[PDB]
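Next come the chains, spelled out residue by residue.
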Amino acid sequence: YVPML
Amino acid sequence: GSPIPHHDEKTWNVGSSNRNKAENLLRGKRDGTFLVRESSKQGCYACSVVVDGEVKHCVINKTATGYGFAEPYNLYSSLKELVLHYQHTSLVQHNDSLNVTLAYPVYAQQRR
């Protein structure tokens, strides 16, 4: 799960 | 005048129950591919996007408020809008190893 803007 | 395939939510919406599957589908597409699936979350989503060739799973929303890509803004009860924004916006603003966007529909639909 990568954090996005 | 170009009818983008993203306008449809099925172009990339895979529904739910496709983590290693939606990932197995991305494994091969070109950098910029993306797919929106679900999971055991409380109603959030995860967009499996291909970055640099290595597909990864990311989250779209967190708390009930909308379908942004990490921050709650505006409203809209659909992801077609979120995916559309990042469709042309870079996703590196959060990670210098991302620089990816929803430019390619995981399932696309330019055929029939």
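Conventions we followed
- Residues numbered from 1 in each chain as written, not as in the entry; some residues may be left out.
- Chains lettered and ligands numbered in written order.
- Heavy atoms only, no water.
- Helix = DSSP H or I, 4+ residues; strand = E, 2+ residues; numbered from the N terminus.
- Buried < 20%, exposed > 50% of the residue type's maximum accessible area, 1.4 Å probe, protein only.
- Contact = heavy atoms within 4.5 Å.
- Areas by Shrake-Rupley, 256 points an atom, 1.4 Å probe, with all protein chains shown as cover.
- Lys, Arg positive; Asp, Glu negative; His and termini not counted.
- Charge placed at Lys NZ, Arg CZ, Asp CG, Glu CD.
- 1 Å grid on protein atoms, 1.4 Å probe; cavity = no way out; pocket = protein on both sides within 12 Å on 5 of 7 lines; lining within 4 Å.
- Points joined across faces, edges and corners; volume = space filled by probe spheres on them.
- Nonpolar A, V, L, I, M, F, W, Y, C, P; charged D, E, K, R; others polar.
- Polar contact = N/O pair within 3.5 Å; in protein donor to acceptor, adjacent residues only side chain to side chain.
- Buried area = accessible area lost by both parts, 1.4 Å probe.

*Asks:* In this structure, what is going on with the overall build of chain B? I would like to understand it.
*Replies:* Broken down by element type, chain B carries two helices and five strands. Secondary structure elements of chain B, listed N to C terminal, follow the sequence β-α-β-β-β-α-β. With the C-alpha coordinates of chain B rotated into their principal frame, the extents come out at 35 × 30 × 30 Å. A burial count over chain B gives 38% of its 112 residues as buried. Contacts in chain B between residues far apart in sequence, at least 24 positions, make up 38% of those at least 6 positions apart. Of the roughly 7300 Å² of accessible surface on chain B, 44% is carried by carbon and sulfur atoms. A distance of 9 Å separates the average location of the 13 positive side-chain charges in chain B from that of its 10 negative side-chain charges.

*Asks:* Mind showing me how you'd approach the layout of surface pockets here?
*Replies:* Rolled over the atoms, a probe as big as a water molecule pinpoints where empty space is left. Residues and elements named next belong to chain B. By volume, the largest pocket is sized at about 370 Å³. Forming the boundary of the largest pocket are 19 residues, of which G68, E71, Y73, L82 and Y86 lie nearest the centre. Across the lining of the largest pocket, the residue classes break down as 10 nonpolar, seven polar and two charged.

*Asks:* What am I meant to see in the side chain of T89(B) here?
*Replies:* All names here are of chain B. Along the chain, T89 turns up in the loop between α2 (79-88) and β5 (104-105). Of note is the side chain of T89, whose polar atom sits 3.3 Å from the side chain of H88. Setting aside residues up to four positions removed in sequence, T89 forms contacts with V100 and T101.

*Asks:* I keep staring at the interface of chain B and chain A and nothing clicks. Help me out?
*Replies:* Quoted interface sizes are often the accessible area lost when the parts come together. The interface of chain B with chain A comprises 19 residues on the first partner and five residues on the second. Counting each side, the surface lost to burial between chain B and chain A is near 1000 Å², with a carbon and sulfur contribution of 68%. Connecting chain B to chain A are seven residue pairs in polar contact. Those elements that provide at least two residues to the side of chain B that touches chain A are β3 (46-51) and β4 (54-59) of chain B. Top element by residues in the side of chain B that touches chain A is β4(B). It accounts for four residues. Class assignment for the residues of the side of chain B that touches chain A results in 10 nonpolar, five polar and four charged.

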